[PDB]
Amino acid sequence: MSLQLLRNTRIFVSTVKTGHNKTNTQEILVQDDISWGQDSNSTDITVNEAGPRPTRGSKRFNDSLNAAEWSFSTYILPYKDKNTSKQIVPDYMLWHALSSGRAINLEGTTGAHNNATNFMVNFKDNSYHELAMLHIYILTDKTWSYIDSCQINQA
Amino acid sequence: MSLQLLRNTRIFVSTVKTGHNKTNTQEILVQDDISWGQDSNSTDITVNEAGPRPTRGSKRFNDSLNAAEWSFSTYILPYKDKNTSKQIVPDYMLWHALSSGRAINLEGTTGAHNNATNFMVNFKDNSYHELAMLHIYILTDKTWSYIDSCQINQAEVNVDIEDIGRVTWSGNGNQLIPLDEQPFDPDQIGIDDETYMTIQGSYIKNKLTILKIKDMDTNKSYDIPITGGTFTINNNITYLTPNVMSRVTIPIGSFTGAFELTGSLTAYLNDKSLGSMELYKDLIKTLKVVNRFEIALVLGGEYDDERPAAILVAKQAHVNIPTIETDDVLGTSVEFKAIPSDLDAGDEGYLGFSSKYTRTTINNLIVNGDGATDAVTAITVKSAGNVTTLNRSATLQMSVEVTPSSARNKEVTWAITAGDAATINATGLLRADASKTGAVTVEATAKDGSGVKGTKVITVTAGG
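Quick mapping for you: the protein sequence lines, in order, are chains E and B. So in the authors' numbering, spot 43 of the first sequence is number 43, and the numbers just go up one at a time. So in the authors' numbering, spot 132 of the second sequence is number 132, and the numbers just go up one at a time.
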């Protein structure tokens, strides 16, 4: 018995559906304009006669579900973390899933990779039919939910 | 011919239109700031053309009737009636209408209801689309006039030093109606001189204003002298009217909006511990979106002898970040708004009006909810046989005593805070074992939330 407010939403970005730790999931600081959902398709079958006393009745069938839509806005907030002493943006896995389709490796030289000087994102390794795969976890007040196998369409 | 005068106008509040008796009508202690009247909406039609002969024409039409406006202020003078010997404010159905929409019932537990000790008004049953329906009767000299189906929009309570305790009511009615015939004789319904003496026996002076402020995340009660305050209860009532072109229309019922209990308290900055400055700096330091505070404003002061006082009890309030106001001597203002435990759980707050308050009475009203039910004040944990220590691997069922002996809730919890060499259960059986050579403590706090503390340092030793 409770109502859920949008202001209490918290968003976590994950690459795994189990074994969640600090290297696979981090919170993403979102704003008011956050939105998510999933629409469904249907169809009406109607009989179209021409004579007197025609049949006037319809019928609906659920036929398919559309892809889930999500969107949110975040501040560009570069900083250096104390653990690794390398400049990193908090929503770095979002940048990686946008940039390349390989497993995340900040030590490398393609996609989202950081350094002791700056955090860098290059698109030299995005030749993939399925980029790095995320799972957006949504926490509104008390109830949980998530979108399965997301992909970063744009930024 | 005969001119009607304002000073001779008397107000009567009713719950029914016919068969008015003493239990449905009363004379209200209104002041000289009364005002009422119903206005109307009108439409003007103009014509704009470009021809050689312009049509400078204007046609007016009446469209609808707006809500009837009424507003008056009354003195806060709680008292006990001789018939029931229970403390009741003279204008009790006004508080009932402000509180909940059920039938008036002083013997219940929701809405405006009295008791042998004090009159308490909760808003626990306020979750209605339409509150209790009244009928404001206005007798100016001899001509009668009443406002149909009034509902209390807000109650303006002003709490300022140099100002006597008063409350201002403002609401709306479906349609003000003038009457030629007397609905009921005012003399026997109007209060007699004896109950006027009884009412004037109790005055509430706002000069004696003491505030109880306490955060529920730190339990840092403050000592704040009040310079002046104001808290109001708002129903956000809007009347719904139909839109018909052919004929005029009148409002039809209403839907109470969002319940708002806001208040503003002005107080001088103090450098003393638990003062205004400490509260301000704590609030401006711990910038948190949500606040949870015990605010208990006590109009009229507190005394050992029975004294008239007015009480507001906001259990879980929201304190807005104060803005220190510059003046001759620094006096800050704090704004609060009581939020509920859950949006539809009620319990926004409750009030206390009575001429007979002892500090214990107001204390148990604040903590337990009623001025009649007693609450624990001090607790000393009692060992099973005046025992002071314990040896390794020995059982000890803790007992406890509570005061006063007339407390309604006497059961306490059992917990261990300082030291890790023993355990305690729900009943209080403290148990030790081997490898327990350190001193440990035991705690006890009642579930009524008085803030009582039961402590005793038991010297748990290694044993023989």
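Note that CB positions come from ideal geometry on N, CA and C, so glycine has one too.
Coarse secondary structure for residue i, derived from DSSP in three states
i	result
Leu299/B	strand
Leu131/B	coil
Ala97/E	helix
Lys285/B	helix
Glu194/B	helix
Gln316/B	strand
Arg7/E	helix
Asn115/B	strand
residue 553/B	In the structure displayed, chain B extends from 1 to 464; residue 553/B sits before or after that span and is not available.
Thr360/B	helix
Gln154/B	strand
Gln87/E	strand
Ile379/B	strand
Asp185/B	coil
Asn368/B	helix
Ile199/B	helix
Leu343/B	coil
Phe72/E	coil
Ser170/B	strand
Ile213/B	strand
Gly37/B	strand
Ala446/B	strand
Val329/B	coil
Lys82/B	coil
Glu49/B	coil
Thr403/B	strand
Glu348/B	coil
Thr389/B	strand
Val30/E	coil
Residue i burial status per 10 Å Cβ neighbour count (16 or more: buried)
i	result
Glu107/B	exposed
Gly173/B	buried
residue 501/B	The displayed coordinates of chain B run from 1 to 464. Any statement about residue 501/B would go beyond what the structure contains.
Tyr128/E	exposed
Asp448/B	buried
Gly352/B	buried
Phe123/E	exposed
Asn115/E	exposed
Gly111/B	buried
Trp144/E	exposed
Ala50/E	exposed
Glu348/B	buried
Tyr75/E	exposed
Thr361/B	buried
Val157/B	buried
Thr332/B	buried
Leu240/B	exposed
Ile11/E	buried
According to DSSP, residues forming a beta bridge with residue i
i	result
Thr23/B	The partner list for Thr23/B (beta bridge, DSSP) is empty, contrary to what the question assumes.
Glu411/B	Bridge partners of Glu411/B: none, in fact.
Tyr92/E	DSSP output for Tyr92/E lists no bridge partner at all.
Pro178/B	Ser145/B
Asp44/E	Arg60/E
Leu106/B	DSSP lists no partner for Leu106/B.
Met398/B	DSSP output for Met398/B lists no bridge partner at all.
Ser14/E	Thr25/E, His135/E
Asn122/E	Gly111/E
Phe353/B	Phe119/B, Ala310/B
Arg431/B	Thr395/B, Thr423/B
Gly463/B	According to DSSP, which records beta bridges pairwise, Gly463/B is partnered with nothing at all.
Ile164/B	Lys205/B
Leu77/B	Answer is none; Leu77/B lacks a bridge partner.
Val334/B	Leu265/B
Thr140/E	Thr9/E, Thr143/E
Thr441/B	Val457/B
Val290/B	Answer by DSSP bridge pairing: none, since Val290/B is not bridged.
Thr323/B	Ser333/B
Cross-chain neighbours of residue i in chain E, by beta carbon under 8 Å
i	result
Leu287/B	What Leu287/B touches in chain E: nothing, since even the nearest Cβ is about 16 Å away.
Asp342/B	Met1, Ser2
Under 7 Å from the C-beta of residue i: neighbouring residues of chain E
i	result
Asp347/B	Those within 7 Å of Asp347/B in chain E number zero; the least Cβ separation is about 15 Å.
Near the ligand NAD: residue i beta-carbon under 7 Å from a heavy atom
i	result
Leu429/B	Looking at this structure, you won't find the ligand NAD or any other ligand, since it has none at all.
Proximity test, Cβ basis, 8 Å: residue i and chain D
i	result
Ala310/B	No chain D is present in this structure, whose protein chains are E and B.
Legend entry - Segments assigned beta strand (DSSP E), at least 3 residues, entirely inside the region 225-281 of chain B: Qualifying beta strand (DSSP E) stretches, in chain order: 226-234, 237-239, 254-256, 260-268.
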